[PDB]
Amino acid sequence: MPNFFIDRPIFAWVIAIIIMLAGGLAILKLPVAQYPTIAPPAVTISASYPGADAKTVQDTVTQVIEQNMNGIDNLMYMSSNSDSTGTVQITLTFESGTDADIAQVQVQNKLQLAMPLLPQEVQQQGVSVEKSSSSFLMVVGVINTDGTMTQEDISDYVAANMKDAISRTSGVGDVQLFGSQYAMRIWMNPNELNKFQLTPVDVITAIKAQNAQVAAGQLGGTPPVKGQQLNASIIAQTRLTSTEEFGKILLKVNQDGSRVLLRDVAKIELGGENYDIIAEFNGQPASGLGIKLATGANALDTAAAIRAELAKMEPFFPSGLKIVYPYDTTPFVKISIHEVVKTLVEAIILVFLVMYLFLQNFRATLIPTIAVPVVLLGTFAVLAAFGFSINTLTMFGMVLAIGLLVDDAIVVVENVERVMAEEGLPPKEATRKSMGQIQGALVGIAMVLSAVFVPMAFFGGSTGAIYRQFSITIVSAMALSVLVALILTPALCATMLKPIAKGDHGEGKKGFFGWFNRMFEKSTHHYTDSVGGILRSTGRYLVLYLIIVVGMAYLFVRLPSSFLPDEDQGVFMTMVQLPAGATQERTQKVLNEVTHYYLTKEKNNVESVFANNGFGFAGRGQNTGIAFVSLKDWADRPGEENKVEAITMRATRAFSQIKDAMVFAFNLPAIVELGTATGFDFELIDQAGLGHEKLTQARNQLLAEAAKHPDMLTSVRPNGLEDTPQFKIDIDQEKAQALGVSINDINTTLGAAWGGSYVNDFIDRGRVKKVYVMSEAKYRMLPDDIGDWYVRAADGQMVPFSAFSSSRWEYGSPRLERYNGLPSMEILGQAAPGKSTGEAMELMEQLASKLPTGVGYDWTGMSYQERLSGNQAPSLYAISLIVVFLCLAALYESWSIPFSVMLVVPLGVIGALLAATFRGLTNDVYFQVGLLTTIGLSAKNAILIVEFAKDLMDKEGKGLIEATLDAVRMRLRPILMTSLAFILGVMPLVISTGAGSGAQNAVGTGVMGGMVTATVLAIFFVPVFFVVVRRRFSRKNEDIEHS
Amino acid sequence: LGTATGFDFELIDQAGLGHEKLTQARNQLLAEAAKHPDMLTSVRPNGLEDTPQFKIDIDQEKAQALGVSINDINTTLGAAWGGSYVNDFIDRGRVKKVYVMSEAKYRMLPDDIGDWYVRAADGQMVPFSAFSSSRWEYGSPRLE
Amino acid sequence: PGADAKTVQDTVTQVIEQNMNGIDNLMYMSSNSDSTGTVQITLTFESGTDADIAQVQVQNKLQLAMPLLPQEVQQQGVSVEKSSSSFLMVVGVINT
Amino acid sequence: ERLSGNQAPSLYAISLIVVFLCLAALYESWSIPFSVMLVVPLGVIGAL
């Protein structure tokens, strides 16, 4: 193949240009996002039952839906929480790769047949089936800088006008509002209702009667009579539209004629659908939109089109409406592109330099500088062909691939320049000779590199998804390089290189380059002599190799492993936890103290703070809250003291003074759709009919045993909320029956007053919205207020609640956790300093196996992925090893020679294990992908060294030692060129601080160290390996040359 | 697919303007587009124009006075003049619908409205002309 | 049955319209609500979107709005169709 | 039409380029391809 394109350079160029043309044509069209789909696909059932407690939600909704989730494909586990705010969320998670749409749909239908078993209240509020593991693209905040709009007014504009036109903008696939559109609120007054012998019952009845829509038919309706000349819609009662119309609803005409109107017994206003969430943006009223990307969509273009559409709506906002962007992942991604493109640009610059250092002419300098961009660019087209996207893992996969891409180009050009210089051939026939030597090896090189990286893609779970990115990206670029190395680079070597005379090694040049040629000629003779003297006592250095291998093992065991590096992403969070039953106003004072700290004592670094009172990570309730901290650009946060990692500590430090709450700030994980990165997640389950009480005790029993092993378990805790006091009220069935007061009159009065009631719909400015009746606030606050509510009897007398009700206090959960249809408690935790989580798990397993009978347990989340993946890394790379051996066995046509190449693996491994433990980093996936890229380069140089030595023995008849010292001489210069340009290119990644540095540090520090030891050791070790392996496995007449 | 010719333009209410302000904006656009016959030909709405319709109002106070529940009122009006799907029957082994509706001659003109009666809680039969006032107005037969 | 266009729009059309969100490869949603008591809401997808997958997502989104329609509309049925498909023939049945 | 108008130029700017590269490979020349490619307008007019 090299010869065909040596005789057609323009054809080779047409292939290269076509390759490049498809790569850029791709790039323009590939999706671009931070991380590919890594979280397993998950579907979320969310329903609402206004006014409920957690138990009510669980047993009228949660359990009903839970008992119908069966017969569904590729399902892993089903958790649920039912909380005191009247909200259930049941989440079902599927195995990696299950068709997202197909999964949702099956769950959708299974819920459908349970829908008639839910209460009308839950059905009317709606039961959403979501695809939920998808991540937030941005969070739009909508404030009013004038101050003429509450968060409910802002919400309603956003809902009515902005929400639906942003669901329509390029690239979005789900939206969620921070509040509610308007709900017509009827704030009842109990003393007025009792004044006119009225109850909430009658108010609801009247709103249902006078705010309604009626089918009235038609004048001249079909079928008509003969000669009808008029056909017209008959318009009967329509929906109400204003607070005044609701005000004049005629409740009752007294005997004297006086009309009891709705406004006479209640206050009437537009309002929120519920008031459980307080959303503030820098302490100002705010609503907003949480936005998620569409599957397979570009993230940069979705933000650009959304912000452009928001800019298209701006002039049509009422005064003061500012759109602010407190959360947005777009900027961190543009950095990653700029940085990886930067890294790829400056990688090529360092090859132009090394090529002109050793070869000293700009003609040879141009060939690698052409072929590598060809290969990089084309790889993008290859990734379009498999469905992939321009992401962190793939981009870093390409920068990790640079080393292999360049060595194909250097080996070819150098070997031509060497063949031209050592033999005096014209550029054409010398390229022919050079390629004839390395072609077969370059092919076997490609086969072996694949056997290393391909097994990565067949890891399972979320980690397997990550490796798949690296595996496919790296393999694709490398094979494309070998193709280019057999097509274009031979053509370029034949036509561009100018003749070098035979014997000319630049030793006669003057100045910088003349000195260099002679120095390297000296050191090469030193190297070949040193190698010649090492082969005299091979027994000694096989002992050095052994010490080297056991040192690798001791390093690998004591290097702590991680998932992905935490990154300074520009935002972080803070959790607020007041005591049980703590109120809304109490949380708000705390969140304002939180926002005041960030805007004062972090004034340089914090741009904005988005506080949410009412919901948190641990659950919902008046006693939980969240604030999102939006920081200023990394450009204006210089040094470590202005990074997220540092800002998060100073917040938690200063909130240790806070006495009202428990406030805790923390940075995001690298992949937020996944979470954890640290430790285990343990669920404790009620398998018998034990109940919440016996379960919480078993939880604390486990937590006390786990706190009594601080050597192994640290920070074991429940994820859920603790029980809170609650007001139990009992209806005397006998006295109610006695007084003639029906139980329905009793309950609907209590609920619609204290919980509120969705009555019907009205039309607010052409948009249909809800109508809630609820007691005014001052009459539903304390147990004394219970007495001021009255129900009418069958005789017509008004009876107070204190007549047929007794009330006490008791404790209950504001957030019931269930796991797999059974009551559960989520227990979080991790391994102690310097311990394994797989072994901290087994202690937790043992600590749970001493809990009372009827209690079971299970691992969930990350801990479950580990239970069914731990035995992979050995087996996958036992396979990987075998294919490398068989490839070498085919390339060299020998069962024994392969060992001579394969022994170079530990030489590169230690350098990584050094630099990582030296720099204090972790065995994360960036490091491991780096390990595979470094092992591959050391093996390639070993292959080409062994190839040249064996070729010299076969087709030139030389002896073992001569061919060894001769091939290792020839391969010296290219091997140094490669390791030089590669170790320089990874330097900005190693010293990197600021944005994306954690990943760049991770990919970087491991590779650089691995390559140093790979190049410095293997130049001195692979000549040993070939000699001892050839002497152990042979027949006769080898050390002595032949014909 | 259709078309092959020309454009299709939708005019939208983005604020809470309403059908009325929208139709006016439509005719404003149509008049400007008819005043550029050099460029725009045959600009027109796809939808139907508004038609007269018979508005009938129920006096909540008088109905309350006479002891005539509003449900008795509305279900009578609708099932007579619009008809009502009541339940199913079996026609030759095949389940089919059962509609109740006024006979044609009693649901044709506004005078026919008066000939329909609703019973009060006391047991007296009350005509529709007792608790209803009616006028004429225009509305759309096809809201886009 | 028996409605005007407004009644159809605001008891049915708007209710269903406000639930058509979170659907893949959707381009635009038009509707007409007419004086004959009939609404038709049509949702059009990009070329190549899986016909079955598209219908099904719309089907489910309507399902959760169904309890907010009137019993009259529910009893008459709410059809979800693939509609851009063309007429093959039209059979006429007369009695000579 | 609003999201397709800029296609006919770009798609056939691409189409032109591949015709040139193919001819460049067939004839092993960067210049000879022009000799074939100039025949396009000769057929176009007859259609127009």
# chains A, B, ... in the order shown; residues from 1 in each chain; ligands from 1

call {"tool": "closest_atom_pairs", "arguments": {"of": "chain A", "to": "chain C", "cutoff": "7 Å", "atoms": "only C-alpha atoms", "output": "JSON lines"}}
result
{"residue": "A:108", "atom": "CA", "partner": "C:60", "partner_atom": "CA", "distance": 6.8}
{"residue": "A:123", "atom": "CA", "partner": "C:67", "partner_atom": "CA", "distance": 6.4}
{"residue": "A:124", "atom": "CA", "partner": "C:67", "partner_atom": "CA", "distance": 6.1}
{"residue": "A:126", "atom": "CA", "partner": "C:64", "partner_atom": "CA", "distance": 5.8}
{"residue": "A:127", "atom": "CA", "partner": "C:64", "partner_atom": "CA", "distance": 6.3}
{"residue": "A:173", "atom": "CA", "partner": "C:22", "partner_atom": "CA", "distance": 5.4}
{"residue": "A:174", "atom": "CA", "partner": "C:22", "partner_atom": "CA", "distance": 4.9}
{"residue": "A:213", "atom": "CA", "partner": "C:7", "partner_atom": "CA", "distance": 6.6}
{"residue": "A:215", "atom": "CA", "partner": "C:3", "partner_atom": "CA", "distance": 4.8}
{"residue": "A:216", "atom": "CA", "partner": "C:2", "partner_atom": "CA", "distance": 5.9}
{"residue": "A:217", "atom": "CA", "partner": "C:2", "partner_atom": "CA", "distance": 4.2}
{"residue": "A:233", "atom": "CA", "partner": "C:4", "partner_atom": "CA", "distance": 6.0}
{"residue": "A:768", "atom": "CA", "partner": "C:10", "partner_atom": "CA", "distance": 6.6}

call {"tool": "write_last_selection", "arguments": {"atoms": "C-alpha atoms", "output": "short mmCIF file (atom, residue, chain, number, x, y, z; two decimals), in the first residue's frame"}}
result
data_model
loop_
_atom_site.label_atom_id
_atom_site.label_comp_id
_atom_site.auth_asym_id
_atom_site.auth_seq_id
_atom_site.Cartn_x
_atom_site.Cartn_y
_atom_site.Cartn_z
CA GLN A 108 -46.51 5.06 31.85
CA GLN A 123 -55.88 12.65 39.66
CA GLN A 124 -56.97 16.27 39.21
CA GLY A 126 -51.98 15.22 37.64
CA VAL A 127 -49.54 12.33 37.86
CA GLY A 173 -36.47 18.63 26.39
CA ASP A 174 -38.05 19.35 29.82
CA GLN A 213 -69.26 26.16 31.62
CA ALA A 215 -73.29 22.92 26.87
CA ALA A 216 -76.42 24.68 25.63
CA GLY A 217 -76.88 23.46 22.07
CA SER A 233 -74.78 28.79 19.11
CA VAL A 768 -57.42 28.45 32.24
#

call {"tool": "residues_around", "arguments": {"residues": "residue 97 of chain B", "least_positions_apart": "3", "cutoff": "9 Å", "atoms": "only C-alpha atoms", "output": "PyMOL selection string"}}
result
chain B and resi 85-90

call {"tool": "interface_residues", "arguments": {"of": "chain A", "to": "chain D", "cutoff": "9 Å", "atoms": "only C-alpha atoms", "output": "list in words"}}
result
residues 8, 9, 10, 11, 12, 13, 14, 15, 17 and 18 of chain A

call {"tool": "interface_residues", "arguments": {"of": "chain B", "to": "chain C", "cutoff": "6 Å", "atoms": "only C-alpha atoms", "output": "VMD selection string"}}
result
chain B and resid 82 141 to 144

call {"tool": "residues_around", "arguments": {"residues": "residue 642 of chain A", "least_positions_apart": "5", "cutoff": "9 Å", "atoms": "only C-alpha atoms", "output": "mmCIF file with C-alpha atoms, in the first residue's frame"}}
result
data_model
loop_
_atom_site.group_PDB
_atom_site.id
_atom_site.type_symbol
_atom_site.label_atom_id
_atom_site.label_comp_id
_atom_site.auth_asym_id
_atom_site.auth_seq_id
_atom_site.Cartn_x
_atom_site.Cartn_y
_atom_site.Cartn_z
ATOM 1 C CA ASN A 604 -15.148 39.185 45.376
ATOM 2 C CA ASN A 605 -16.207 35.677 44.340
ATOM 3 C CA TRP A 634 -12.597 32.043 37.173
ATOM 4 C CA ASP A 636 -11.541 37.135 38.529
ATOM 5 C CA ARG A 637 -10.999 34.376 41.137
ATOM 6 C CA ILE A 647 -15.157 29.021 49.264
#

call {"tool": "interface_residues", "arguments": {"of": "chain A", "to": "chain B", "cutoff": "10 Å", "atoms": "only C-alpha atoms", "output": "ChimeraX atom specification"}}
result
/A:157,160-162,165,206,209-210,213-226,228-238,249-255,257,259,313,316-317,764-767

call {"tool": "write_last_selection", "arguments": {"atoms": "C-alpha atoms", "output": "short mmCIF file (atom, residue, chain, number, x, y, z; two decimals), in the first residue's frame"}}
result
data_model
loop_
_atom_site.label_atom_id
_atom_site.label_comp_id
_atom_site.auth_asym_id
_atom_site.auth_seq_id
_atom_site.Cartn_x
_atom_site.Cartn_y
_atom_site.Cartn_z
CA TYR A 157 -45.96 35.80 33.86
CA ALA A 160 -48.37 32.15 31.03
CA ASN A 161 -45.89 33.82 28.70
CA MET A 162 -42.30 32.57 29.00
CA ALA A 165 -42.00 29.50 24.40
CA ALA A 206 -71.81 27.88 45.09
CA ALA A 209 -72.67 26.33 40.55
CA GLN A 210 -71.83 29.88 39.49
CA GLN A 213 -69.26 26.16 31.62
CA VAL A 214 -72.45 24.75 30.10
CA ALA A 215 -73.29 22.92 26.87
CA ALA A 216 -76.42 24.68 25.63
CA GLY A 217 -76.88 23.46 22.07
CA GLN A 218 -77.96 25.56 19.13
CA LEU A 219 -80.84 27.55 17.79
CA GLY A 220 -81.77 25.72 14.62
CA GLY A 221 -79.68 22.80 15.84
CA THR A 222 -79.38 19.59 13.86
CA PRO A 223 -81.64 17.86 13.10
CA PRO A 224 -83.64 20.99 12.22
CA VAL A 225 -87.15 21.56 10.95
CA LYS A 226 -88.06 22.53 7.39
CA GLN A 228 -85.16 26.98 9.44
CA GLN A 229 -83.38 30.21 8.52
CA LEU A 230 -81.51 30.84 11.80
CA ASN A 231 -78.79 28.60 13.24
CA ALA A 232 -76.85 29.99 16.18
CA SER A 233 -74.78 28.79 19.11
CA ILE A 234 -76.71 29.05 22.36
CA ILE A 235 -74.35 30.54 24.94
CA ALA A 236 -75.14 29.60 28.53
CA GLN A 237 -73.03 30.15 31.65
CA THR A 238 -69.29 30.66 31.15
CA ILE A 249 -71.34 34.85 43.89
CA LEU A 250 -74.73 34.60 45.58
CA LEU A 251 -74.28 32.22 48.49
CA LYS A 252 -77.64 32.71 50.16
CA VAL A 253 -80.73 34.91 50.05
CA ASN A 254 -81.99 35.45 53.59
CA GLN A 255 -85.67 35.59 54.51
CA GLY A 257 -84.11 39.24 51.11
CA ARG A 259 -78.15 38.34 49.74
CA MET A 313 -39.29 38.56 24.63
CA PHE A 316 -42.70 42.72 25.92
CA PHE A 317 -42.03 42.19 29.61
CA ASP A 764 -57.46 34.40 33.78
CA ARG A 765 -56.81 36.54 30.69
CA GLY A 766 -57.68 33.73 28.30
CA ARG A 767 -55.66 31.13 30.23
#

call {"tool": "interface_residues", "arguments": {"of": "chain B", "to": "chain D", "cutoff": "12 Å", "atoms": "only C-alpha atoms", "output": "JSON, numbers by chain"}}
result
{"B": [6, 7, 8]}

call {"tool": "write_last_selection", "arguments": {"atoms": "C-alpha atoms", "output": "PDB file, in the first residue's frame"}}
result
ATOM      1  CA  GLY B   6     -47.090  30.572  -1.402  1.00  0.00           C
ATOM      2  CA  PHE B   7     -46.938  31.089   2.340  1.00  0.00           C
ATOM      3  CA  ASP B   8     -48.878  30.314   5.519  1.00  0.00           C
TER       4      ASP B   8
END

call {"tool": "select_by_dssp", "arguments": {"residues": "chain B", "states": "strand (DSSP E or B)", "output": "PyMOL selection string"}}
result
chain B and resi 51-58+84-91+94-100+117-119+125-127+132-139+142-143

call {"tool": "write_last_selection", "arguments": {"atoms": "C-alpha atoms", "output": "PDB file, in the first residue's frame"}}
result
ATOM      1  CA  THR B  51     -71.361  34.566  13.772  1.00  0.00           C
ATOM      2  CA  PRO B  52     -74.353  35.724  15.841  1.00  0.00           C
ATOM      3  CA  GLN B  53     -75.105  33.625  18.908  1.00  0.00           C
ATOM      4  CA  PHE B  54     -77.893  33.514  21.487  1.00  0.00           C
ATOM      5  CA  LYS B  55     -76.686  34.476  24.970  1.00  0.00           C
ATOM      6  CA  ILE B  56     -78.958  33.279  27.791  1.00  0.00           C
ATOM      7  CA  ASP B  57     -78.363  34.290  31.418  1.00  0.00           C
ATOM      8  CA  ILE B  58     -79.657  32.491  34.515  1.00  0.00           C
ATOM      9  CA  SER B  84     -77.467  14.148  26.055  1.00  0.00           C
ATOM     10  CA  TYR B  85     -75.707  10.811  25.756  1.00  0.00           C
ATOM     11  CA  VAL B  86     -77.509   8.973  28.562  1.00  0.00           C
ATOM     12  CA  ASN B  87     -76.274   5.374  28.454  1.00  0.00           C
ATOM     13  CA  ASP B  88     -75.895   2.353  26.180  1.00  0.00           C
ATOM     14  CA  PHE B  89     -78.317  -0.220  24.820  1.00  0.00           C
ATOM     15  CA  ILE B  90     -77.823  -3.324  22.667  1.00  0.00           C
ATOM     16  CA  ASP B  91     -79.046  -3.111  19.065  1.00  0.00           C
ATOM     17  CA  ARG B  94     -74.102  -4.553  19.211  1.00  0.00           C
ATOM     18  CA  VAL B  95     -73.756  -2.002  21.997  1.00  0.00           C
ATOM     19  CA  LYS B  96     -74.794   1.496  20.911  1.00  0.00           C
ATOM     20  CA  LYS B  97     -75.607   4.901  22.380  1.00  0.00           C
ATOM     21  CA  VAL B  98     -78.843   6.303  23.839  1.00  0.00           C
ATOM     22  CA  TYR B  99     -79.348  10.043  23.365  1.00  0.00           C
ATOM     23  CA  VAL B 100     -82.144  12.109  24.838  1.00  0.00           C
ATOM     24  CA  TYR B 117     -90.246  23.889  32.532  1.00  0.00           C
ATOM     25  CA  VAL B 118     -88.266  23.031  35.663  1.00  0.00           C
ATOM     26  CA  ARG B 119     -89.704  21.782  38.956  1.00  0.00           C
ATOM     27  CA  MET B 125     -93.412  23.740  37.579  1.00  0.00           C
ATOM     28  CA  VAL B 126     -91.611  26.945  36.573  1.00  0.00           C
ATOM     29  CA  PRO B 127     -90.991  28.112  32.974  1.00  0.00           C
ATOM     30  CA  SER B 132     -83.676  33.791  32.318  1.00  0.00           C
ATOM     31  CA  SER B 133     -82.853  36.882  30.278  1.00  0.00           C
ATOM     32  CA  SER B 134     -81.526  36.595  26.742  1.00  0.00           C
ATOM     33  CA  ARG B 135     -79.742  38.824  24.217  1.00  0.00           C
ATOM     34  CA  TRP B 136     -77.784  38.604  20.953  1.00  0.00           C
ATOM     35  CA  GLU B 137     -74.012  38.791  20.463  1.00  0.00           C
ATOM     36  CA  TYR B 138     -71.236  37.669  18.110  1.00  0.00           C
ATOM     37  CA  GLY B 139     -68.654  34.930  18.629  1.00  0.00           C
ATOM     38  CA  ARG B 142     -63.941  28.064  15.166  1.00  0.00           C
ATOM     39  CA  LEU B 143     -61.251  29.306  17.548  1.00  0.00           C
TER      40      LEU B 143
END

call {"tool": "residues_around", "arguments": {"residues": "residue 891 of chain A", "least_positions_apart": "6", "cutoff": "12 Å", "atoms": "only C-alpha atoms", "output": "list in words"}}
result
residues 438, 439, 440, 441, 442, 443, 444, 445, 446, 447, 448, 884, 885, 897, 898, 901, 943, 944, 946, 947, 950 and 951 of chain A

call {"tool": "write_last_selection", "arguments": {"atoms": "N, CA and C atoms", "output": "short mmCIF file (atom, residue, chain, number, x, y, z; two decimals), in the first residue's frame"}}
result
data_model
loop_
_atom_site.label_atom_id
_atom_site.label_comp_id
_atom_site.auth_asym_id
_atom_site.auth_seq_id
_atom_site.Cartn_x
_atom_site.Cartn_y
_atom_site.Cartn_z
N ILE A 438 8.84 -1.27 8.34
CA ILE A 438 7.95 -0.93 9.44
C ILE A 438 6.48 -1.22 9.15
N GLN A 439 6.11 -1.42 7.88
CA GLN A 439 4.71 -1.65 7.53
C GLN A 439 4.11 -2.80 8.32
N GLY A 440 4.68 -4.00 8.16
CA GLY A 440 4.19 -5.15 8.90
C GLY A 440 4.15 -4.91 10.39
N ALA A 441 5.19 -4.25 10.92
CA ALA A 441 5.22 -3.93 12.34
C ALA A 441 4.14 -2.92 12.69
N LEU A 442 4.01 -1.86 11.89
CA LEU A 442 2.98 -0.85 12.14
C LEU A 442 1.59 -1.48 12.17
N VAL A 443 1.36 -2.48 11.32
CA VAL A 443 0.08 -3.18 11.32
C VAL A 443 -0.10 -3.94 12.63
N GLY A 444 0.87 -4.79 12.96
CA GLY A 444 0.82 -5.49 14.23
C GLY A 444 0.74 -4.54 15.41
N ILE A 445 1.38 -3.38 15.29
CA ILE A 445 1.27 -2.35 16.32
C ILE A 445 -0.18 -1.94 16.50
N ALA A 446 -0.89 -1.71 15.39
CA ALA A 446 -2.29 -1.34 15.47
C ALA A 446 -3.11 -2.45 16.12
N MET A 447 -2.83 -3.71 15.77
CA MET A 447 -3.59 -4.82 16.33
C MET A 447 -3.41 -4.93 17.83
N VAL A 448 -2.23 -4.57 18.33
CA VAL A 448 -1.93 -4.73 19.74
C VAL A 448 -2.52 -3.59 20.55
N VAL A 884 -2.88 -9.46 22.98
CA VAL A 884 -1.59 -8.84 22.71
C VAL A 884 -0.54 -9.90 22.41
N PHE A 885 -0.58 -11.01 23.15
CA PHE A 885 0.37 -12.10 22.93
C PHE A 885 0.14 -12.76 21.57
N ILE A 897 8.91 -14.97 21.09
CA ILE A 897 9.34 -13.57 20.95
C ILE A 897 8.34 -12.60 21.56
N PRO A 898 7.00 -12.79 21.44
CA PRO A 898 6.05 -11.86 22.08
C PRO A 898 6.38 -11.43 23.50
N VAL A 901 8.40 -8.18 23.90
CA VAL A 901 7.73 -6.89 23.88
C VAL A 901 6.89 -6.70 25.13
N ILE A 943 7.99 -3.15 20.11
CA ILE A 943 7.68 -3.92 18.91
C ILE A 943 8.63 -3.55 17.78
N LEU A 944 8.83 -2.25 17.57
CA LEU A 944 9.67 -1.80 16.47
C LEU A 944 11.13 -2.15 16.73
N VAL A 946 12.13 -4.83 18.55
CA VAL A 946 12.19 -6.27 18.35
C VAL A 946 12.03 -6.62 16.87
N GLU A 947 11.17 -5.88 16.17
CA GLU A 947 11.00 -6.09 14.73
C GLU A 947 12.32 -5.89 14.00
N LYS A 950 14.85 -8.67 14.90
CA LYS A 950 14.51 -9.94 14.27
C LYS A 950 14.66 -9.88 12.76
N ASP A 951 14.28 -8.75 12.15
CA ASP A 951 14.49 -8.59 10.71
C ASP A 951 15.97 -8.69 10.37
#

call {"tool": "residues_around", "arguments": {"residues": "segment 32-42 of chain B", "least_positions_apart": "2", "cutoff": "12 Å", "atoms": "only C-alpha atoms", "output": "ChimeraX atom specification"}}
result
/B:5-9,25-30,44-46

call {"tool": "write_last_selection", "arguments": {"atoms": "C-alpha atoms", "output": "PDB file, in the first residue's frame"}}
result
ATOM      1  CA  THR B   5     -47.983  27.700  -3.676  1.00  0.00           C
ATOM      2  CA  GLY B   6     -47.090  30.572  -1.402  1.00  0.00           C
ATOM      3  CA  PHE B   7     -46.938  31.089   2.340  1.00  0.00           C
ATOM      4  CA  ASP B   8     -48.878  30.314   5.519  1.00  0.00           C
ATOM      5  CA  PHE B   9     -48.804  32.969   8.234  1.00  0.00           C
ATOM      6  CA  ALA B  25     -54.762  42.851  14.084  1.00  0.00           C
ATOM      7  CA  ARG B  26     -55.530  40.272  11.383  1.00  0.00           C
ATOM      8  CA  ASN B  27     -57.561  42.723   9.305  1.00  0.00           C
ATOM      9  CA  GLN B  28     -54.928  45.409   9.907  1.00  0.00           C
ATOM     10  CA  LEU B  29     -52.356  43.032   8.434  1.00  0.00           C
ATOM     11  CA  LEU B  30     -54.713  42.017   5.620  1.00  0.00           C
ATOM     12  CA  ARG B  44     -56.724  35.961   3.738  1.00  0.00           C
ATOM     13  CA  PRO B  45     -57.606  34.179   6.984  1.00  0.00           C
ATOM     14  CA  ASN B  46     -57.998  30.429   6.928  1.00  0.00           C
TER      15      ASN B  46
END

call {"tool": "residues_around", "arguments": {"residues": "residue 320 of chain A", "least_positions_apart": "6", "cutoff": "8 Å", "atoms": "only C-alpha atoms", "output": "MDAnalysis selection string"}}
result
chainID A and resid 143:148

call {"tool": "write_last_selection", "arguments": {"atoms": "C-alpha atoms", "output": "PDB file, in the first residue's frame"}}
result
ATOM      1  CA  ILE A 143     -36.695  38.850  39.067  1.00  0.00           C
ATOM      2  CA  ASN A 144     -38.363  42.258  39.077  1.00  0.00           C
ATOM      3  CA  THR A 145     -35.789  44.979  39.756  1.00  0.00           C
ATOM      4  CA  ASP A 146     -38.534  47.571  40.287  1.00  0.00           C
ATOM      5  CA  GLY A 147     -40.058  45.615  43.161  1.00  0.00           C
ATOM      6  CA  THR A 148     -43.662  45.722  41.915  1.00  0.00           C
TER       7      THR A 148
END

call {"tool": "atom_distance", "arguments": {"atom1": "atom CA of residue 59 of chain A", "atom2": "atom CA of residue 204 of chain A"}}
result
26.8 Å

call {"tool": "select_by_dssp", "arguments": {"residues": "segment 744-775 of chain A", "states": "alpha helix (DSSP H)", "output": "MDAnalysis selection string"}}
result
chainID A and resid 744:754
